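A quick write-up on the structure given underneath.
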Amino acid sequence: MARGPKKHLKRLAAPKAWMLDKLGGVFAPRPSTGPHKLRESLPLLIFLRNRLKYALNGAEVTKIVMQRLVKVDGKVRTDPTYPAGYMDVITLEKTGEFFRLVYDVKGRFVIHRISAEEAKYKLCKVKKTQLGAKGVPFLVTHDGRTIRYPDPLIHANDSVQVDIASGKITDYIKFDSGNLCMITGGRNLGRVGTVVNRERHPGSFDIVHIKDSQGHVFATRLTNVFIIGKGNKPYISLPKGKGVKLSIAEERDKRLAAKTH
Amino acid sequence: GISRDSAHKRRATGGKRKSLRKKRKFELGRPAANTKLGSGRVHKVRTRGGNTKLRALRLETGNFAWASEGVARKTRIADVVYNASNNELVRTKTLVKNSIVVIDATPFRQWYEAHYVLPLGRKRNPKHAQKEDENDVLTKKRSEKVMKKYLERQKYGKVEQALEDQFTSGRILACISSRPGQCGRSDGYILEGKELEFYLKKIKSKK
RNA sequence: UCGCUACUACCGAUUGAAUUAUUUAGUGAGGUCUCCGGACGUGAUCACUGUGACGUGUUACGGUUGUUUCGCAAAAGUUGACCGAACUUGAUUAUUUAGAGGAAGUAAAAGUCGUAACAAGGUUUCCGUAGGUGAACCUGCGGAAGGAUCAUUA
RNA sequence: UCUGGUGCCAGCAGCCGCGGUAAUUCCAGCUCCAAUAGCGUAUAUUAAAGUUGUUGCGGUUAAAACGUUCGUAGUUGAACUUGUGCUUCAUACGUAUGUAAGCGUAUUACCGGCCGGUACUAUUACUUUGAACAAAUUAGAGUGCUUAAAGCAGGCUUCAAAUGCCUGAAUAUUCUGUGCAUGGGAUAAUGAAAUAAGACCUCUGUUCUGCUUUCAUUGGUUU
RNA sequence: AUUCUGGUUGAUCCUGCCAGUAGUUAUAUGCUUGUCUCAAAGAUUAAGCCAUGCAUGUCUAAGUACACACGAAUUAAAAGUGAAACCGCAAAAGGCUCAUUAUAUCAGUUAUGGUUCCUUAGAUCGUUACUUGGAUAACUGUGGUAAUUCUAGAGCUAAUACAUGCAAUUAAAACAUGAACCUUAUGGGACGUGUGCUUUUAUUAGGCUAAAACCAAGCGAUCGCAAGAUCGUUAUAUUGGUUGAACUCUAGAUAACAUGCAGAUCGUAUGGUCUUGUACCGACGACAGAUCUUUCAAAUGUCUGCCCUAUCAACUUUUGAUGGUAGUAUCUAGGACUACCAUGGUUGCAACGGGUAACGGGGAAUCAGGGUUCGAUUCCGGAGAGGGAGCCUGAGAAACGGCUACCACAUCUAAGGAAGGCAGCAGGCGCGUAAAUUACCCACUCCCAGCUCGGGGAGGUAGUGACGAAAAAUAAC
RNA sequence: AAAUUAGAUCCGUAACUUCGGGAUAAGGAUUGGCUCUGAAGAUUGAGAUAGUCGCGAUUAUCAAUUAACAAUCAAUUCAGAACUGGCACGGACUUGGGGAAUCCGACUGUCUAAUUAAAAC
């Protein structure tokens, strides 16, 4: 507001969780204020020219999205810099692509081509159940899709799968000490499952303990904790192999050293 | 303009903070209302972002509410008797929040015996030597529609002695509860139980 | 010590001089707000006038009319507050600079005068403190050895 | 310790020092040595500096213990408390427990199939591992831009046809401390029970507080 | 790449400094220079002034188009391009600079339940002609002053500009009030009335362990012949809510409130249906709509952390200083401001004052460690546009490539008057030890607009360039 | 010679100094009329609950009052505000000009009645 609100944003000031190069321009994609926040976004100059390499300039992206070929979450989204954060199903039926943006274990995202049958619903967590929207009830989602008239047993800290054609709940996965989860936001990013125990600190900032399939017990805040099903329940397709909590030398030993060529 | 935050205004040790950010708009202040009892003026000021509040210099009427009823009858505002912020605000009859005020006492009394037909507080019986003829056009009982509801009350109809004496004079003590320089109105509640006995001890014992 | 030749920094009448910001009082441009104000420009009624219609009793259409009722906003100008530039004055700082004269310092050995100290430096030295003296210095009182006695004197 | 020139001259020299008609130091010739597309000079700054001293100085005489003692702020402060023993067994080789279990009367009460929900945590400093948070820089992983400083690419099947594949684009110092989570309880302070406003108990009912379940609904008598 | 040598003496051992020594994205300067890859660059002194030039504009089949400027043909559909002009949006970002500023900025942490918000996405939209009113630019026409900048007068005309205005706003249902209803009870009604949201005030519920002893209606039910007497079942302390909570909070009801706001808009298709007859309905977007939830943010506040100085030891409080209290004011807390009380508040653990050749932090230079010095400088944050002050419009500015005045400088003038701020990019003067072209284009990275297409001296790109880094001619057999 | 200043309230006040001063330093602001408002006192405080006898007259009390206890009564002063005119307002009168130094005498005191009041005593 103080002569704001800062329409620009610089390269080497946009995050390197989108893996931008230091040379290549002064500036950075600057997502145009959609459902997801700025540091938790991937603007659609990144996903089309830098990742899929369908383009090679920046001008060859507005010659893609303005023809309504792109389709973020079923709706068209001809915005050339739409934020399109976590689990936003970019369902390109032409030329039959069907991605989903799920985050990699190295702190970053990863391109994950998913099945077209489970592409048309996605999983999203809830934030605040409240009254006032029609008629009395509604809840807000992690991207902010307010959806009315929910189940009265879905409290906060849980997730529901949303169909991409409707806006309606079909299944709820609630926060118990048996449910596998996924972390997005901290140093522990991309690591998947499973919960052990949550330390409730009254006012505020609860943390929770998560045990990976390797026995790798660790912890993070409850803010960063998504939830993706019960014990040994992948309710969505995950990318490359679960985010095992690889060692630092083992990735230098798995494919970097143990390399057929 | 008038400014509202502490660019000036030395610190908690006694020391002079010097300069601090030439002058910014978002910490501005405005000249006050000083809403007198002149009838019917409102200027509206464009405020912080996009909005507008009503600077109601010179009001005369207010939506006053007898709190012990669940009623809110609009009256006019007669006198500004007492005020705890100043006496420059009493004497110039300026209406701000909780000025003790005098209103009408009539649109409550007609509402009173509408639902609580019991006649009190009663005036001088030389006037009351005949009715025109009220006690049957009050209820008439119909044998028997909606109206026996007026006699499982009389448990409500014993309004206190220090309020019914103030109804026979036809002007009652109230209290402002709005922000006339902001809300554009001078509404409020009226003194009943011990807000009354404090603000009335404040007047006649001080004189 | 004194004398010539330089150089720096002090003290100093002038109640000197030039800034620098910070304010007390004073005046004061503008503007926000406010009390009025009401150019012009409508509304609109009061009548109507041009005609027809009814029963001339009444009305329809035209006259940017007559002219009174009733508004609606609104420019100039204004009253009062409030922000306040700005100059004028006073004080307060914080620097810089001119000064007769005065007095210390340094460089400059090669000037004059004497020899203060280091050898028992020819009066052992030094200290504190006072006074005196061309100059180093002298003298009193007290102290110390960094002394020229580590001392032998039941 | 070259050759001519000049003669306390001209000048050179960061400092020490040279030069006064033989100069290894000047000025030139003939050579030589350093670094090399470079190198010299000036100012600042770091190292040198054990000459600023936390690591790490000095104070009898070299610069330096106040003339003396009191003394508040401050800085520092004696020892003392569950320490272990046995019984063991899991575990390096009759020996070695380095994980643990059994006696010092009870290291926190229930149900679940040794195992989970579960009631209960004197304190602070310190310390363990965390969380949490900009990038560039820095540390630096990987990589034949020909190399290099860089760069964040590229590579392969392969000279191919070929959405034809493969993996990148690390991990950290940093943003040192504050603050938070968790383990520890050595070290170091405070804390407690004094003629007991001490503890459990005498669980006595002497005193309590209160209000949602039922007096059909709804009101009174009240345990 | 944890090291030292010369210099006090007739010689000695020391203390000691001086002189050497090397690095410096560290500045200038001296001499010379064959390439080539990257490239810092008016910061220091003068945030001192500045010739000229440019740096902010924008259109979709989709707000408005009467231009023969160009298209066609008696179709209003021209649906073409659309100049202009109106309206909408943006011009508050970027870019430059470092004067101010010493718990202030800033950094981290935590808060906003103390607030506000264009946009963006998501959800949401009943309690008397239904299709309208007038008036202006563009355009035509005649004008003025030294002066182009400026603007008047008249004739035309639009809308998603301005203004009014829903007969289904439509009630049953819900529900007070009466009403043609009329009975020993957890009892019944035609209809007349009324019940948008929002603001304001006021009220009441507000997240919740179990039973009877006894009792009036004796209805459910029982007994007494009965007047009736003893009892008794459940639907009845029936709203999210932080899972830290009288969150005055998002919800709801009650009694009001005043005053506004409320979809008379647009392109592409039209057929279901033809009587081609306003009987019959898609997909889209919008000057726009309103409430709630998000998001790009902001602005305040929390807890810690800053350089030199005591030849600065006590400061603050008349004229707010520390608190209480009621107010005002603001978007909101709050001495922020007012009025009344209270006399507090900071201090040797350095307050207060002064200095600063001080924008803070990331970071930079240099060492074995511990460290010292620097940071005008490309990134985040603050700050400001000659000096101060004021302010309009706007969701956003105390904006200066906006305005208004004063002050200082300058400008034009026919003497009446009119306009100006390069610490944007280039360029000139000046000061200086000290710093380049009055070049080229938006292909890049992104930003903005009505928005595939326009614009952007942001940005990229050549010219100068021994600041600084890298690979290496000046021979070889 | 004359003019200037002058009462009072408030703020502020230098060199020197025998630390008493200087000092009313200097320098500034305020001031009428009219309507209210605030503050500063005193003295009795004020007594709540049978009815004998016929509420009436003979007829009760520890304390708590209290945080304006309530009336009476009393003088006068000081702060505040609003309005208000030819700025005329201490409206007459009463009523200091100030400052930078030099010389002498320290100071207050005394003196040449009738020419010297001083630095003289």
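Going by the structure tokens order, chains are called A, B, ..., each with residues numbered from 1, while ligands are numbered from 1 in the order shown.
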
Tell me, counting only C-alpha atoms (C1' of nucleotides), for each residue of chain A within 6 Å of chain E, which pair of atoms is nearest and how far apart they are in Å to one decimal, in rows ordered by chain and increasing number, as CSV.
```
residue,atom,partner,partner_atom,distance
A:1,CA,E:298,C1',4.2
A:2,CA,E:298,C1',5.8
A:3,CA,E:92,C1',4.2
A:5,CA,E:297,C1',5.4
A:6,CA,E:93,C1',5.8
A:7,CA,E:93,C1',5.4
A:25,CA,E:445,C1',3.8
A:26,CA,E:445,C1',5.6
A:27,CA,E:446,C1',5.1
A:28,CA,E:446,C1',5.9
A:33,CA,E:120,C1',5.0
A:34,CA,E:121,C1',4.9
A:35,CA,E:121,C1',5.6
A:62,CA,E:452,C1',5.6
A:63,CA,E:452,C1',5.2
A:66,CA,E:452,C1',5.9
A:130,CA,E:240,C1',5.4
A:131,CA,E:240,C1',5.4
A:132,CA,E:251,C1',5.5
A:133,CA,E:292,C1',5.7
A:144,CA,E:294,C1',5.1
A:145,CA,E:122,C1',4.8
A:146,CA,E:123,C1',5.6
A:202,CA,E:244,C1',5.0
A:203,CA,E:244,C1',5.2
```

Excluding same-chain residues fewer than 3 positions from residue A:247, what lies within 12 Å of it counting only C-alpha atoms (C1' of nucleotides), as an MDAnalysis selection string? (chainID A and resid 105:106 214 216 243:244 250:254) or (chainID D and resid 170:171)

Atoms kept (C-alpha atoms (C1' of nucleotides)) for selection, written as a PDB file, in the first residue's frame:
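Output file selection28.pdb follows:
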```pdb
ATOM      1  CA  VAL A 105      12.426 -34.348  -2.478  1.00  0.00           C
ATOM      2  CA  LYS A 106      15.331 -31.961  -3.218  1.00  0.00           C
ATOM      3  CA  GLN A 214      13.458 -46.088   5.716  1.00  0.00           C
ATOM      4  CA  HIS A 216      13.955 -42.002   9.060  1.00  0.00           C
ATOM      5  CA  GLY A 243      11.349 -39.168  -1.832  1.00  0.00           C
ATOM      6  CA  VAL A 244      13.194 -41.876   0.086  1.00  0.00           C
ATOM      7  CA  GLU A 250      24.124 -42.185  -2.278  1.00  0.00           C
ATOM      8  CA  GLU A 251      22.750 -40.003  -5.070  1.00  0.00           C
ATOM      9  CA  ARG A 252      26.414 -39.613  -5.991  1.00  0.00           C
ATOM     10  CA  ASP A 253      26.543 -43.443  -5.778  1.00  0.00           C
ATOM     11  CA  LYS A 254      23.200 -44.527  -7.271  1.00  0.00           C
TER      12      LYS A 254
ATOM     13  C1'   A D 170      23.905 -30.864  -5.073  1.00  0.00           C
ATOM     14  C1'   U D 171      25.045 -30.274   0.317  1.00  0.00           C
TER      15        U D 171
END
```

Neighbour list for stretch 68-75 of chain C as a ChimeraX atom specification, cut-off 12 Å, only C-alpha atoms (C1' of nucleotides), skip fewer than 3 positions in-chain: /C:37-47

Restricting the output to N, CA and C atoms (P, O5', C5', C4', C3', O3' and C1' of nucleotides), write the selected residues as a PDB file, in the first residue's frame.
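Resulting contents of again_21.pdb:
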```pdb
ATOM      1  P     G C  37     -26.706  32.836   3.905  1.00  0.00           P
ATOM      2  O5'   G C  37     -25.741  33.363   2.762  1.00  0.00           O
ATOM      3  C5'   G C  37     -25.469  34.745   2.600  1.00  0.00           C
ATOM      4  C4'   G C  37     -24.457  34.948   1.510  1.00  0.00           C
ATOM      5  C3'   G C  37     -24.949  34.563   0.133  1.00  0.00           C
ATOM      6  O3'   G C  37     -25.600  35.649  -0.493  1.00  0.00           O
ATOM      7  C1'   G C  37     -22.857  33.537   0.545  1.00  0.00           C
ATOM      8  P     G C  38     -27.187  35.640  -0.711  1.00  0.00           P
ATOM      9  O5'   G C  38     -27.316  35.531  -2.288  1.00  0.00           O
ATOM     10  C5'   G C  38     -26.255  35.989  -3.113  1.00  0.00           C
ATOM     11  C4'   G C  38     -25.848  34.962  -4.134  1.00  0.00           C
ATOM     12  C3'   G C  38     -26.977  34.439  -5.021  1.00  0.00           C
ATOM     13  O3'   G C  38     -26.528  34.318  -6.367  1.00  0.00           O
ATOM     14  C1'   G C  38     -25.867  32.637  -3.976  1.00  0.00           C
ATOM     15  P     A C  39     -27.560  34.570  -7.567  1.00  0.00           P
ATOM     16  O5'   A C  39     -26.628  34.926  -8.805  1.00  0.00           O
ATOM     17  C5'   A C  39     -26.075  36.225  -8.905  1.00  0.00           C
ATOM     18  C4'   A C  39     -24.949  36.304  -9.900  1.00  0.00           C
ATOM     19  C3'   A C  39     -25.223  35.806 -11.307  1.00  0.00           C
ATOM     20  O3'   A C  39     -26.050  36.704 -12.039  1.00  0.00           O
ATOM     21  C1'   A C  39     -23.070  35.116 -10.614  1.00  0.00           C
ATOM     22  P     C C  40     -26.242  36.629 -13.640  1.00  0.00           P
ATOM     23  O5'   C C  40     -26.089  35.093 -14.039  1.00  0.00           O
ATOM     24  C5'   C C  40     -25.204  34.722 -15.090  1.00  0.00           C
ATOM     25  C4'   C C  40     -25.071  33.229 -15.251  1.00  0.00           C
ATOM     26  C3'   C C  40     -26.248  32.537 -15.933  1.00  0.00           C
ATOM     27  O3'   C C  40     -25.746  31.468 -16.730  1.00  0.00           O
ATOM     28  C1'   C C  40     -25.860  31.537 -13.855  1.00  0.00           C
ATOM     29  P     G C  41     -26.577  30.947 -17.999  1.00  0.00           P
ATOM     30  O5'   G C  41     -27.420  29.730 -17.420  1.00  0.00           O
ATOM     31  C5'   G C  41     -26.794  28.541 -16.948  1.00  0.00           C
ATOM     32  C4'   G C  41     -27.819  27.479 -16.644  1.00  0.00           C
ATOM     33  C3'   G C  41     -29.200  27.736 -17.254  1.00  0.00           C
ATOM     34  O3'   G C  41     -29.766  26.498 -17.682  1.00  0.00           O
ATOM     35  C1'   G C  41     -29.414  27.433 -14.936  1.00  0.00           C
ATOM     36  P     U C  42     -30.919  26.487 -18.802  1.00  0.00           P
ATOM     37  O5'   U C  42     -32.232  26.840 -17.971  1.00  0.00           O
ATOM     38  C5'   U C  42     -33.283  25.901 -17.802  1.00  0.00           C
ATOM     39  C4'   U C  42     -33.003  24.915 -16.693  1.00  0.00           C
ATOM     40  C3'   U C  42     -34.229  24.344 -16.007  1.00  0.00           C
ATOM     41  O3'   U C  42     -34.875  23.342 -16.765  1.00  0.00           O
ATOM     42  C1'   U C  42     -32.626  24.936 -14.379  1.00  0.00           C
ATOM     43  P     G C  43     -36.446  23.465 -17.061  1.00  0.00           P
ATOM     44  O5'   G C  43     -37.124  22.797 -15.788  1.00  0.00           O
ATOM     45  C5'   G C  43     -36.790  21.472 -15.412  1.00  0.00           C
ATOM     46  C4'   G C  43     -36.925  21.269 -13.927  1.00  0.00           C
ATOM     47  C3'   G C  43     -38.330  21.364 -13.363  1.00  0.00           C
ATOM     48  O3'   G C  43     -39.091  20.187 -13.557  1.00  0.00           O
ATOM     49  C1'   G C  43     -36.862  22.610 -12.010  1.00  0.00           C
ATOM     50  P     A C  44     -40.491  20.252 -14.345  1.00  0.00           P
ATOM     51  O5'   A C  44     -41.441  21.114 -13.397  1.00  0.00           O
ATOM     52  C5'   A C  44     -41.836  20.638 -12.119  1.00  0.00           C
ATOM     53  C4'   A C  44     -42.159  21.778 -11.187  1.00  0.00           C
ATOM     54  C3'   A C  44     -43.344  22.644 -11.584  1.00  0.00           C
ATOM     55  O3'   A C  44     -44.592  22.099 -11.193  1.00  0.00           O
ATOM     56  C1'   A C  44     -41.512  24.031 -11.100  1.00  0.00           C
ATOM     57  P     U C  45     -45.851  22.165 -12.192  1.00  0.00           P
ATOM     58  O5'   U C  45     -46.813  23.257 -11.543  1.00  0.00           O
ATOM     59  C5'   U C  45     -47.293  23.115 -10.214  1.00  0.00           C
ATOM     60  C4'   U C  45     -47.159  24.404  -9.444  1.00  0.00           C
ATOM     61  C3'   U C  45     -48.153  25.500  -9.790  1.00  0.00           C
ATOM     62  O3'   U C  45     -49.415  25.340  -9.166  1.00  0.00           O
ATOM     63  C1'   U C  45     -45.977  26.412  -9.724  1.00  0.00           C
ATOM     64  P     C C  46     -50.753  25.839  -9.906  1.00  0.00           P
ATOM     65  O5'   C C  46     -50.671  27.429  -9.843  1.00  0.00           O
ATOM     66  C5'   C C  46     -50.812  28.127  -8.613  1.00  0.00           C
ATOM     67  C4'   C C  46     -50.337  29.553  -8.738  1.00  0.00           C
ATOM     68  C3'   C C  46     -51.134  30.437  -9.683  1.00  0.00           C
ATOM     69  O3'   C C  46     -52.317  30.950  -9.100  1.00  0.00           O
ATOM     70  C1'   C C  46     -48.824  30.699 -10.114  1.00  0.00           C
ATOM     71  P     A C  47     -53.746  30.419  -9.603  1.00  0.00           P
ATOM     72  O5'   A C  47     -53.510  30.107 -11.149  1.00  0.00           O
ATOM     73  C5'   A C  47     -54.216  30.813 -12.156  1.00  0.00           C
ATOM     74  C4'   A C  47     -53.481  32.061 -12.575  1.00  0.00           C
ATOM     75  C3'   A C  47     -53.898  32.661 -13.907  1.00  0.00           C
ATOM     76  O3'   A C  47     -55.061  33.462 -13.798  1.00  0.00           O
ATOM     77  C1'   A C  47     -51.537  32.555 -13.785  1.00  0.00           C
TER      78        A C  47
END
```

Give the strand (DSSP E) residues of stretch 55-162 of chain A, as assigned by DSSP on the backbone, as a count of residues only. 32

If you measure from atom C1' of residue E:32 to atom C1' of residue E:473, what distance in Å do you get, rounded to one decimal?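 That distance, rounded to one decimal, is 16.1 Å.
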
Residue set, stretch 7-224 of chain A restricted to helix (DSSP H, G or I), as a count of residues only: 13

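Straight-line separation from atom CA of residue A:87 to atom CA of residue A:24: 28.0 Å.
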
For stretch 36-128 of chain B versus stretch 17-36 of chain F, which residues have an atom no more than 12 Å away, and what is each residue's nearest atom pair and distance in Å rounded to one decimal, using only C-alpha atoms (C1' of nucleotides), chain-then-number order, as a Markdown table?
```
| residue | atom | partner | partner_atom | distance |
| --- | --- | --- | --- | --- |
| B:87 | CA | F:36 | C1' | 10.9 |
| B:88 | CA | F:36 | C1' | 10.8 |
| B:91 | CA | F:36 | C1' | 9.1 |
| B:92 | CA | F:36 | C1' | 11.7 |
```

Residues of chain B within 10 Å of chain A, counting only C-alpha atoms, as number ranges by chain: B: 24-26, 49

Can you tell me which residues surround residue C:135 at a distance of at most 10 Å, considering only C-alpha atoms (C1' of nucleotides), apart from same-chain residues fewer than 3 positions away, and format the answer as number ranges by chain? C: 1-2, 113-114, 116

Would you export the selected residues with N, CA, C and O atoms (P, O5', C5', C4', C3', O3' and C1' of nucleotides) as a PDB file, in the first residue's frame, please?
```pdb
ATOM      1  P     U C   1      67.386  29.152  27.936  1.00  0.00           P
ATOM      2  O5'   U C   1      67.627  30.663  28.380  1.00  0.00           O
ATOM      3  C5'   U C   1      67.461  31.078  29.732  1.00  0.00           C
ATOM      4  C4'   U C   1      68.355  32.245  30.085  1.00  0.00           C
ATOM      5  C3'   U C   1      68.465  33.344  29.054  1.00  0.00           C
ATOM      6  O3'   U C   1      67.342  34.198  29.023  1.00  0.00           O
ATOM      7  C1'   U C   1      70.607  32.870  29.903  1.00  0.00           C
ATOM      8  P     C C   2      66.724  34.637  27.615  1.00  0.00           P
ATOM      9  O5'   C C   2      67.826  35.593  26.987  1.00  0.00           O
ATOM     10  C5'   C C   2      68.228  36.781  27.648  1.00  0.00           C
ATOM     11  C4'   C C   2      69.457  37.358  27.009  1.00  0.00           C
ATOM     12  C3'   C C   2      69.313  37.609  25.528  1.00  0.00           C
ATOM     13  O3'   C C   2      68.652  38.821  25.245  1.00  0.00           O
ATOM     14  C1'   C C   2      71.356  36.491  25.949  1.00  0.00           C
ATOM     15  P     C C 113      82.635  35.765  25.669  1.00  0.00           P
ATOM     16  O5'   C C 113      81.966  35.629  27.102  1.00  0.00           O
ATOM     17  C5'   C C 113      81.427  36.759  27.761  1.00  0.00           C
ATOM     18  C4'   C C 113      80.420  36.349  28.797  1.00  0.00           C
ATOM     19  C3'   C C 113      80.800  35.154  29.630  1.00  0.00           C
ATOM     20  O3'   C C 113      81.837  35.375  30.555  1.00  0.00           O
ATOM     21  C1'   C C 113      78.563  34.929  28.990  1.00  0.00           C
ATOM     22  P     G C 114      83.141  34.453  30.442  1.00  0.00           P
ATOM     23  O5'   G C 114      82.869  33.294  31.495  1.00  0.00           O
ATOM     24  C5'   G C 114      82.634  33.606  32.853  1.00  0.00           C
ATOM     25  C4'   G C 114      81.495  32.808  33.430  1.00  0.00           C
ATOM     26  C3'   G C 114      81.739  31.343  33.701  1.00  0.00           C
ATOM     27  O3'   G C 114      82.542  31.084  34.827  1.00  0.00           O
ATOM     28  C1'   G C 114      79.647  31.585  32.702  1.00  0.00           C
ATOM     29  P     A C 116      79.938  24.541  37.657  1.00  0.00           P
ATOM     30  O5'   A C 116      78.471  23.969  37.782  1.00  0.00           O
ATOM     31  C5'   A C 116      77.393  24.756  38.259  1.00  0.00           C
ATOM     32  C4'   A C 116      76.108  24.048  37.948  1.00  0.00           C
ATOM     33  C3'   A C 116      76.274  22.552  37.771  1.00  0.00           C
ATOM     34  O3'   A C 116      76.272  21.832  38.990  1.00  0.00           O
ATOM     35  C1'   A C 116      75.121  23.416  35.930  1.00  0.00           C
TER      36        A C 116
END
```

Which distance in Å separates atom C1' of residue D:20 and atom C1' of residue D:8, to one decimal? 5.0 Å
